[PDB]
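# Residue-level structure breakdown
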Amino acid sequence: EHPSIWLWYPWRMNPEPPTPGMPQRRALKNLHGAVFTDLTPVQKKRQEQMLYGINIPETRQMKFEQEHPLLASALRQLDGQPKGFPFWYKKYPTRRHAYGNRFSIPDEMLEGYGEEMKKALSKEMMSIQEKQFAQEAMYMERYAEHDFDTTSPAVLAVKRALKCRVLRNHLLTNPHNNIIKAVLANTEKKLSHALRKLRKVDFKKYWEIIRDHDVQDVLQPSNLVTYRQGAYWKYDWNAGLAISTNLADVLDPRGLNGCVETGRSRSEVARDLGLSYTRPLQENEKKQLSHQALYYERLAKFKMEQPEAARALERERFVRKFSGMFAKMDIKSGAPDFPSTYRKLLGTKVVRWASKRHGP
Amino acid sequence: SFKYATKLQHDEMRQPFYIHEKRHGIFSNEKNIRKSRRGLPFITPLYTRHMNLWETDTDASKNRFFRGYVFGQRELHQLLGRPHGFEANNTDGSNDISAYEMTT
Amino acid sequence: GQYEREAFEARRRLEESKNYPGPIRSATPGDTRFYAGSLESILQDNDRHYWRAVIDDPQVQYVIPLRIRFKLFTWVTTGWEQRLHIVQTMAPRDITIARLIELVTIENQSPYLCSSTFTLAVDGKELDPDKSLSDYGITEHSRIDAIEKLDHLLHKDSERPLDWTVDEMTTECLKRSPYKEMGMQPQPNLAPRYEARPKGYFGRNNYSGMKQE
Amino acid sequence: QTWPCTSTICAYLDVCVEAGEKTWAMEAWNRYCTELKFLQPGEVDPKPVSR
Amino acid sequence: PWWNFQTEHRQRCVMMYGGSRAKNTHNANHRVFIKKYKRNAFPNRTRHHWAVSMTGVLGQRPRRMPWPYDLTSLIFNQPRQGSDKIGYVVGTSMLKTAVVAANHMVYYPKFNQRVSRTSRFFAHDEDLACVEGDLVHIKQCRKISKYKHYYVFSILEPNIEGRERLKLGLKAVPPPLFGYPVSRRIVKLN
Amino acid sequence: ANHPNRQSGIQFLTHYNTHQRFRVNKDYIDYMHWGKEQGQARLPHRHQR
Amino acid sequence: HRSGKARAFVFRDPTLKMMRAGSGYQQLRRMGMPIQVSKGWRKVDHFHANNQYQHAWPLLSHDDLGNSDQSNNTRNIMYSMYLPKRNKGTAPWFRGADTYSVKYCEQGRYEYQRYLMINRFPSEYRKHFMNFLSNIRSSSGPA
Amino acid sequence: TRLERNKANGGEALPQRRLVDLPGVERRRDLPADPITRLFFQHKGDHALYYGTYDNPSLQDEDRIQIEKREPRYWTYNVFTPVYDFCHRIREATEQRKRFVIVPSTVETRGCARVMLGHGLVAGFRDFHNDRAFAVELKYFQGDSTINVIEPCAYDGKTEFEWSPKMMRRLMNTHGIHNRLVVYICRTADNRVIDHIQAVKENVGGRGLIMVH
Amino acid sequence: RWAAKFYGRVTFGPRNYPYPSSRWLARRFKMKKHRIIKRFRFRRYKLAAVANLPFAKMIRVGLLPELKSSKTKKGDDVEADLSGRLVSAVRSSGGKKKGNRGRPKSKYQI
Amino acid sequence: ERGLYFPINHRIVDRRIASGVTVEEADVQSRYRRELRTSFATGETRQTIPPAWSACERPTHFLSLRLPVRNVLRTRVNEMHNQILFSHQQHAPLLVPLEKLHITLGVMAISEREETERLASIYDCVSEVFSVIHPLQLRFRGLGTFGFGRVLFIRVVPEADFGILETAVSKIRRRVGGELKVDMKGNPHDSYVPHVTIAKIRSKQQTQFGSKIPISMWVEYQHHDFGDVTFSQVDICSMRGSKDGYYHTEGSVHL
RNA sequence: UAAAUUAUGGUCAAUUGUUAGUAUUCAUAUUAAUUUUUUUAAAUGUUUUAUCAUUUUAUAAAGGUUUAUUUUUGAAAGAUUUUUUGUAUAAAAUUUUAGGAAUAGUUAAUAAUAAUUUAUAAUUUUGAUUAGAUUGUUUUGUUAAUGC
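The rules behind these values
- Residues numbered from 1 in each chain as written, not as in the entry; some residues may be left out.
- Chains lettered and ligands numbered in written order.
- Part of a larger assembly, values for the part shown.
- Heavy atoms only, no water.
- Helix = DSSP H or I, 4+ residues; strand = E, 2+ residues; numbered from the N terminus.
- Rg over C-alpha atoms; globule rule 2.2 N^0.38 Å.
- Buried < 20%, exposed > 50% of the residue type's maximum accessible area, 1.4 Å probe, protein only.
- Contact = heavy atoms within 4.5 Å.
- Areas by Shrake-Rupley, 256 points an atom, 1.4 Å probe, with all protein chains shown as cover.
- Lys, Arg positive; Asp, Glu negative; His and termini not counted.
- Charge placed at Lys NZ, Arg CZ, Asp CG, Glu CD.
- Near = heavy atom within 4 Å.
- Polar contact = N/O pair within 3.5 Å; in protein donor to acceptor, adjacent residues only side chain to side chain.
- Nonpolar A, V, L, I, M, F, W, Y, C, P; charged D, E, K, R; others polar.
- Core = buried A, V, L, I, M, F, W, Y, C linked by side-chain atoms within 4.5 Å.
- Patch = residues over 30% accessible without salt bridge, like charges linked within 9 Å, V, L, I, M, F, W, Y side chains within 5 Å.
- Salt bridge = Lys/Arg side-chain N within 4 Å of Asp/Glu carboxyl O.
- Buried area = accessible area lost by both parts, 1.4 Å probe.
- Pairing = 2+ DSSP bridges.

Method-wise, the PDB entry is recorded as coming from cryo-EM, at a reported resolution of 3.5 Å.

And the structure:
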């Protein structure tokens, strides 16, 4: 009913609770400090896609076929039968890729053994650590360059994205485990510090990541104090990604540069070659520009059929060009920021301005 | 070092006049002499220097200030994709050349 | 002139040659909008704010900066004066003088000068509003004058401005075009303050091209 | 070490004319205004500015 | 003269042979602070004043100083300092206007060390290309408004992620989660 | 050093990422039992020197 | 003294103390780092004239400027007294023409001068170009 | 330079062909190092594509510990460097009467070591090409270390102390007695690491690295 | 915490004094702190700070005329709505409630 | 009272006025904030300028990328036309039909006395360039002005494939210009701005409709996003649309 | 990962307190001062000109400022027989106070526009606006010396 008030008593250690003591469960903020009372629907679907057990997609099967057709042909003749030689090892290039079952038990090994053994080592009895790690390997499988690289930006970003999801799902279930607060916080700082090289090496994967793990809050800058002077941007610099661009293959590098002899800008060499470097402008930047595009039609439709009003505002402005403050042009007159060029004269004499500074 | 060496009223402890001429074109302090508010506190900043010092002309191989890893060269290398290392094999602060220059 | 004549000669020869490939537009530099100095200065049409030591191609000038020398009644606070008022209009090369004068009408920012319909002239003889600029030979140099519908009357003294230095400003003058705003009786600030030329500025007689005294 | 363009060779050559020393001009000829060839009937007259 | 000893002084007019003529100003004077307020009554709000100030600029201490030898002078030769500046274009929301945030060099002689410093500039960009983040080159000119003496002289990397973020429609950069630092416990619930 | 957990002292001759052996978050030294083989429970073991 | 200033367990090396002082204001000065923003010092006809001592004038013994300079000839008075010094009491510093290194005389002309690549704004190139043009065509008006 | 003008006279008049020799005699040997009683194997030169860097090392010498880097945390800390840690490795070992130290390996760390060894402050050193470490065998005398003191020029890394050639000439001048006693290691502009004595015999000054004596 | 744990440099001995603070100085500063705590507990010191105030500029509730202990002094000027909040809450801290998280309930609270 | 005193918007000093003239002789008052307006504020798309002779002759053959069926450019252009009309009944007779839509990547003055033989060698140069190229995806975003406002067109942006496309079209420009001495408009070395003309003022309407299309009619779309589209065919076409709507297909190349 | 010298090459770095268990720039010293001594200052009426006019002669009173102060030949030097030109306001680096937060004729584009044009505007914790002290960037003092 009013701002909550704690009654601090100085003789004591620290205050009493509020009389509108609003919360009960401490609310769990992000890496940089904003709430979530639960994860997005993407991430709850990614919990049901983690606790039902991920099956190895058929992409590995088909790549094994059109890749090693001889091991597949061997398997093609050997389908179903108790195998005494591993004709799938090249299909599972590492312990971890065999996440479709338990203990890295590749599918084509359990044929002859009991159906009950096949039930024992299937996706149904995987431990919860097993299932989390299974999703982890599957994703680090489809985002990595070569199946041994686990230190690629996309590799690391996706791995820590799943990682921070399981962390948040842990927390939004159990609240007072604050070593795990400092688990999720630092882990997310690194996932951001990896995605902010991903979206600098190839953003396509970056957005597939964005829209499949629904984490934009760990890129979203926190404090304007920083991102006013561009420090949340300096990071992709500091890592060394100021030039990981390939404009020669996205943005035609011809006009993106001024000249040295002329001194003219990017858009003016783009003028003197006829190319259109300009972002998508929002509706505001569109309407301000359409309005700035019609001022001369306004002048032509103004002076021509109401040259009375043309003359009326002639009188208005023609008196004003002589009235007012100044009439000649001195540096004192037209120093292009009077209030701050002249500090000694703002509180006493020139009470037009209430502060000595309004711009950079 | 010593006092008489800090006393800038000798000239030997000063960089001479003719270097503002060698910088801003010979006899270009005169067009500032002939100025209006010249003398009250400020004058036209007279650019007498050693020439081996200009931020303009010199390079990392001339100006002992340019190869300062702490903030200059470190950002240079984080920009130029070089391996920047504290006590690096290349004197400026670079461990070796970058992918771009390596190739091109 | 040794430049207008010769640049016209060569501007003409350039199209007196069909074996000419066109200009390499990436190599035909424009002008820079940002430069050293202080002002947003405009140089010529053929000139660049930077150094471009080339002798670039002499191109045809599509829109001419036409200069029309109006007549603005000024008020030094010692009488009304006749002084030069050029309004340099950027006008194309294909336009009829009718539309040119429509253009100047839209272009001026002092409607002290477009109250009544006026006409053009060059060394006197009027231009018709049915032909165009090259129909007479209007360059940017055509030493043009402008003539109002009441120019043949300004030696006269009926419409001549009734100034408070030598004439009676009635109340009805105090609701008419210049005088409602001219500021007769000095405010604490003298509100619209105008120029001031002495009654003894030029000497005993007025301003002439030839030596009188 | 500068390359006297056609205009500049013409200029200095006038100077040799007036002073009356053939040697003075023979070297400008030997050095610069040798690769100057007349406009052969097929080729463009004022080849455009390029750089 | 300065190099002479008090009692060996004779004549404070001339310097006989050579040396440095200068007025031995009196640095040793016990400048003071006359308390004209009470520790709970100050007509300032943020920074209270309670002891003498050290005054000057290019004289304060720690003796910060101008240093041109930075990223800018490593990359570009300049005619006059500050001409060319490279930064993360941050802030362009003023139509056709960019804010380029690029650093200079602040050298501390006493310590023998540097710190380059930040500055949100104004930078004209006719035709509205740059997005927040394009590493850009910025050059100086004739002024462009009250506050923009610069213009976007190139791009060094366009934020291709951002340009596509606009093309798709979203904000080319999400906005900071929190504001500037305040002093009031703003209780946001639900 | 008379602070506890600063008795480990300045060991530059370890391998750890620090010289201040009390700031090495790595191998907290058991104090009562070690030292039978290395001098004192500070110094690194004779299989890591 | 948990709240006292720190004291070195041992004096620092004075050589290191010197070597850390090749990059402080009092050597930036005599490198040339500052841009003189004001008159600086009082050059001429203020009380403190500098430029008349800036070059070398022989010893003026015209009257008693204090030490009976005009009949007292001052061999030892010059060493102890008027030859400037490195600080109060230090030895007479002699800026003589024999206390400069003999490589200074053996130089050819203008060799100290290094190729100075100076770049100026584009428009500023144009300005100075038109100016030295105007001034090769005509420097002074009629003369 | 004078001991070669009359040692390189052996040029025949003909610019003769250069003789082909065995498959390899011009390859640099490796320095001997016993493989079984050892600190690290003197890694071969052929594996020159197996060597990583000080910051990012390879996987070699699994039998042995690995030195770690020295990179602080905040603003409030001084930023150490291999030159600092090598000086205090050596200081603590000469204070503990060790024999071999396993000392960080950067170009100017072994720079300092090769000149200290030239100046006799060290019984020897060895670069096993171990991307990270290399071993300095210390010399003793009368019970006390020959490296009496050894200091870094900077207890910080963020503060590089370029030495003027005059600074470095006022060390070898102790009150009129020429004194090459205390040896100072400075890394010039040529990416060489030299003592102040050869630095001022060629009048170039370098980054300050260490003082030692 | 808004409280000051040490009212005084209790730890002051010679550096390396292998303890936080000698028992002497600890007793000296526990006497300073007993004076401070009895001053507060006996003038019935009450402070307060509510949301959307500048939380650094504390509220002196014990300096309110509805809860004043002095008679010749004037406590403080406080807006009426905030006063009706605070002093009602001070009355509210006069008892601890069974059916909630309990609290330390002192005489000097009332 | 709400800004600077002597704004730099109006701070101007024109130097095609002699010296002293504005001082003490004469006033030159004009409107300089329209001669100092930028191509970004007008629409001047710096088209490759043909010289005298090649400007005197009409475009005879023209290289064009063909639009596929079921486009996005077509549909957004359709709504642009709906709004052109609902804005003005005046401007329907200026718009280019939807079927005349193409993508212009070069015009060329071809003589009929050596017509088909030159067309064949040109076809060689076109196929020998676009053979190894992949199908091309381009960006349409924001219109511009050809003929000083005479032509309104949806330029293809340089932001997806203008690099490859312009290596290609400057190659074939060099080939058709310096190899087989055909008349492409400009220099053999220039790069013709590929363009999608959406409306135009033709000499047969100059008299009645003007020499500058009314920037009010279209300027709401001067910076509109018209779409990113893929295309597979570069065709040399002879300039006769009335064949079947799309200009006479004098040669095609699939990608 | 080589010693080398045709032998001091390139011009002076050098710290002087009688303390009082011990930790710690901290009373008494010396240097520069100030306290302290009349060998540097000083006067009124500017001056011409054809005349109740006009030509000539432009940064010391304070005024309180820390995102701050910047600008030319057209005057004059200045030379001939006449109409004679394109070089200027912009900046850039550095800015104080124990307990530190909101400030405002506003920012940009149009503009030789809008006392009611367009807008997601601009300053700020990289310490803003208010208020406080304060004259802003080759002049000293001490010190062997970064400093102070």
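## Examining the overall build of chain E
Along chain E, the regular secondary structure elements total 2 helices and 9 strands. Tracing chain E from N to C terminus, the helices and strands come up as β-α-β-β-β-β-β-β-β-β-α. In terms of overall size, chain E is more extended than a compact globule, its C-alpha atoms giving a radius of gyration of 26 Å where 190 residues would be expected to give roughly 16 Å. Overall, the C-alpha framework of chain E stretches about 85 × 50 × 30 Å when taken along its three principal axes. Here chain E holds 190 residues, and the buried ones make up 52% of them. Here the analysis covers contacts within chain E between residues at least 6 apart in sequence; of these, 44% occur between residues at least 24 apart. Accessible surface, chain E: about 10,300 Å² in total, of which carbon and sulfur atoms supply 54%. Once the 33 positive and 11 negative side-chain charges of chain E are each reduced to a mean point, those two points are 21 Å apart.

## A few points about the protein's contact with RNA strand K
The environment of RNA strand K is formed by 173 residues, the closest being A:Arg357, C:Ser38, E:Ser145, G:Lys88 and H:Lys166. When atoms of RNA strand K within 4 Å of the protein are split into backbone and base, the sugar-phosphate part holds 63%. Within the contact set of RNA strand K, a sugar or linking oxygen lies 3.4 Å away from a backbone nitrogen or oxygen of E:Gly82. Take J:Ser30: an N or O atom from its main chain is 3.2 Å from a base nitrogen of RNA strand K. Along the lines of polarity and charge, the residues of the surface near RNA strand K split into 59 nonpolar, 65 polar and 49 charged.

## Here's the deal with unusual backbone geometry
Negative phi is the rule for most residues except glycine; trans is the rule for most peptide bonds. The omega angle of the peptide bond from E:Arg61 to E:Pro62 is 15°, so this bond is cis rather than trans. Examined against the element boundaries, E:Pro62 turns out to sit in the segment before strand 1 (65–67). Phi at C:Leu190 is positive, roughly 55°, even though this residue is not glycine. For C:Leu190, a relative accessible area of 47% translates into the label partly exposed.

## Comments concerning the side chain of A:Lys131
Here A:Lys131 shows up in helix 5 (residues 128–142). Once you skip the residues sitting within four places of it in the chain, A:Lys131 turns out to touch A:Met50, A:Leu51, A:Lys123 and A:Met126.

## A look at the nonpolar core
By size, the foremost hydrophobic cluster in this structure holds 77 residues, and its most contacted members are A:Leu195 and A:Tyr206. Looking at this core element by element, the count peaks at 9 residues for helix 6 (residues 153–171) of chain A. Here A:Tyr206 is in contact with A:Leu195, A:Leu198, A:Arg199, A:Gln216, A:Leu219 and E:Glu161, once residues within four sequence places are set aside. Core analysis: the second largest hydrophobic core is formed by 54 residues, A:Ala293, J:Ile122, J:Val176 and J:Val219 among them.

## Digging into a positive patch on the surface
A cluster of like positive charges, contributed by A:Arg26, A:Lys29, A:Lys181 and E:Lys188, occupies part of the molecular surface. Assignment of secondary structure puts A:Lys29 in the loop between strand 1 (5–6) and helix 1 (41–51). You can call A:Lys29 partly exposed: its relative accessible area is 42%.

## Some points on the interface of chain E and chain A
Each partner contributes residues to the interface: chain E has 52 residues there, and chain A has 56 residues. Where chain E abuts chain A, roughly 5,000 Å² becomes buried across the two surfaces, and 63% of that area is made up of carbon and sulfur atoms. For the pair chain E and chain A, the number of links is 4 salt bridges. The residue E:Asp127 makes a salt bridge to A:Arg266 at a minimum N-O spacing of 3.1 Å. The set of elements that each furnish at least two residues to the side of chain E that touches chain A consists of strand 9 (150–152) and helix 2 (160–168) of chain E. Examining the composition of the side of chain E that touches chain A, we find that 7 residues originate from one element, helix 2 of chain E, more than from any other. A per-class count over the side of chain E that touches chain A returns 29 nonpolar, 8 polar and 15 charged.

## Brief notes about the arrangement of the chains
The pair of protein chains exhibiting the most contacts, out of 22 pairs of chains in contact, is chains A and E. There is a gap between chain D and chain F: no contact, and a shortest C-alpha distance of 58 Å. For chain H and chain J, which are not in contact, the least C-alpha distance works out to 38 Å.

## What to know about the pairing of strand 3 (residues 61–65) of chain J
Residue and element names in this part refer to chain J. Across the 5 residues of strand 3, 5 count as buried, placing the element largely inside the fold. Residue alternation in strand 3 divides its side chains into two sets, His61, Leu63 and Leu65 and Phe62 and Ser64, and both sets are buried. Bridge count between strand 3 and strand 12 (residues 234–238): 5 bridges; the pairing is antiparallel. In the sheet register, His61 faces strand 12, and the bridge partner there is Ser238.

## Examining a nonpolar patch on the surface
The grouping of A:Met22, E:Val187 and E:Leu189 at the surface amounts to a nonpolar patch, some 260 Å² of accessible area in total. Its location among the elements puts E:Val187 in the segment after helix 2.

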